Amino acid sequence: XXXXXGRXXXXXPXXXXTXXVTXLXXXXXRXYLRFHXXXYXXXXXXX
Amino acid sequence: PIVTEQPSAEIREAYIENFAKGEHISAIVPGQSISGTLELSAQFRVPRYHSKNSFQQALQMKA
């Protein structure tokens, strides 16, 4: 019906500023250290 | 039907115990979420207002 010259345009529904736009194509119209290895009792203990 | 968690607590508990050990279990335990899909392109497709050879013919006729 609406198809024009081999083009299948059929599958279409047919029934501030106020600009006007064209329809169908819109455009303007833990762990804490332990004592060892912490450097005491490694220089100490006079007993 | 809204949520998708495994509905039985026993299988979840067994799953997490075996996971703590390091072993697997038989059943599947997926994470919680809502159900539903979004299958786009298994859906609205590109309309073809043109025919098969409309564009090439327009090219030859230069329009």
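Note: ideal-geometry Cβ built from the backbone for every residue, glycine included; neighbour counts use all protein chains shown. Nothing in this text is a laboratory measurement; each read-out follows from the coordinates by a stated rule.
How far, in degrees from 0 to 90, does helix B:9-21 lean away from the longest principal axis of the Cα atoms of chain B, to the nearest 10?
With both axes taken from Cα atoms, the answer is about 80 degrees.
What does the convex hull of the Cα atoms come to per residue for chain B, in Å³?
Taking the convex hull of the Cα positions in chain B, it is 187 Å³ per residue.
Neighbouring Cβ atoms within 10 Å as the yardstick, rank B:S41, B:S33 fewest first.
Ascending Cβ contact count within 10 Å gives the list B:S41, B:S33.
Among the chymotrypsin sites (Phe, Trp or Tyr not before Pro) in chain B, which ones are in a DSSP loop with at most 12 other Cβ atoms within 10 Å of the Cβ? Mind listing them?
In loop regions of chain B (DSSP not H, G, I, E or B), the sparsely surrounded chymotrypsin sites (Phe, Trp or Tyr not before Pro) are B:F44.
Given N residues in the protein assembly as shown, what is its alpha carbon radius of gyration divided by 2.2 N^0.38 Å?
Working it through for the protein assembly as shown, the quotient is 2.75.
Could you work out how far the C-alpha centroid of segment B:36-63 sits from that of segment A:1-23, in angstrom?
Centre-to-centre (Cα) distance: 16 Å.
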